[PDB]
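There is one chain below, alone, in structure tokens, taken in the form deposited without ligand DGT.
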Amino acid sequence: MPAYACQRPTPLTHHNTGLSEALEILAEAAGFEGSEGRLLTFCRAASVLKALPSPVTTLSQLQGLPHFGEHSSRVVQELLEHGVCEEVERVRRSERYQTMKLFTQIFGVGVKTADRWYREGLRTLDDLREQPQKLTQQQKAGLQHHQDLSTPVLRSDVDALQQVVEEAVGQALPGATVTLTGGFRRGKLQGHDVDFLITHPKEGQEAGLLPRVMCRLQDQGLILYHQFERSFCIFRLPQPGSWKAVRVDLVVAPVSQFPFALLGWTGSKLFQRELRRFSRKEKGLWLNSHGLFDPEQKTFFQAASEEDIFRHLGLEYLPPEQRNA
């Protein structure tokens, strides 16, 4: 089992679901405490289990696996022996974890803001509502729409949304295309947001596109909230006899950069962090959603496809369905 998540296929569903979920609780809790190193380790150990071809039933199966040291191994050991890990359960029922999870789930609220509110004694969404002077307009929208945004988006919803985005994009710039990215491109049947990448086949025609797209969607009454080339919005999505708020991200890239933007925005988040870490540390190349830079030659690799990018990094190609690290 190779050390980086980008070196192994990771399917969306797998054979170690409970073990990985437990490790991810500890990762999440480390993040709430600002411990990014520990968050990464627990994320990586969880991902290794997702990549295994069968269930871990015995502690000896962890031998030789990367990212399993004393701590992650003890978590697995306790789950195998008793069905539960005392540390994980202590985190789950803790006021700190529950409140930081609740607050960071709000659109517009990150760990730092959540922690500040926690320290001020705030605990519930109604606590935040009672103090609107404490909120940015983005947070106010996140809080008003929190219930809808907590509901899973279905792939059927995604397809209806794509047609609407395509219509606006087509008027903004005929010939421009819309590609579904994010978790849905990785095969998810449900999700909490929808990501689209927009380009045009004629290099440079994409300049200034996103404001034209957003103005048109706003004119159609589809935008509940928006605040350039990336837009993090809340859209009005039809439902039987009503509608609901959905998080939608829109990103524009020049066609020259499209494979890099597609790769970046397809995720998963851990997959992309691992891939960029691999590129820099193992290959000495610097990867982002715009390109892949050789800092010695001072040149950019001109990729025509995601397959090109994997080849240039010396990695076996993984389709989006196997990037669920």
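Residue positions are given as counts along the sequence shown, with the first one as 1.
Absent from the display: the form deposited with ligand DGT bound. The rest refers to it.
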item: One residue of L237, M214, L149, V164 in contact with ligand DGT, assessed in the deposited complex (non-hydrogen atom, 4.5 angstroms); value: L149
item: Among 218-226, 83-91, 115-123, 183-191, the region lying within 4.5 Å of ligand DGT in the deposited complex by heavy atom distance; value: 183-191
item: 4.5 Å heavy atom contact, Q171 to ligand DGT in the deposited complex; value: no
item: In the deposited complex, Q77 touching ligand DGT (heavy atom, 4.5 Å); value: no
item: Heavy atom of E206 within 4.5 Å of ligand DGT in the deposited complex; value: no
item: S73, heavy atom within 4.5 angstroms of ligand DGT in the deposited complex; value: no
item: Contact set, 91-110 vs ligand DGT in the deposited complex - heavy atom within 4.5 angstroms; value: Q105
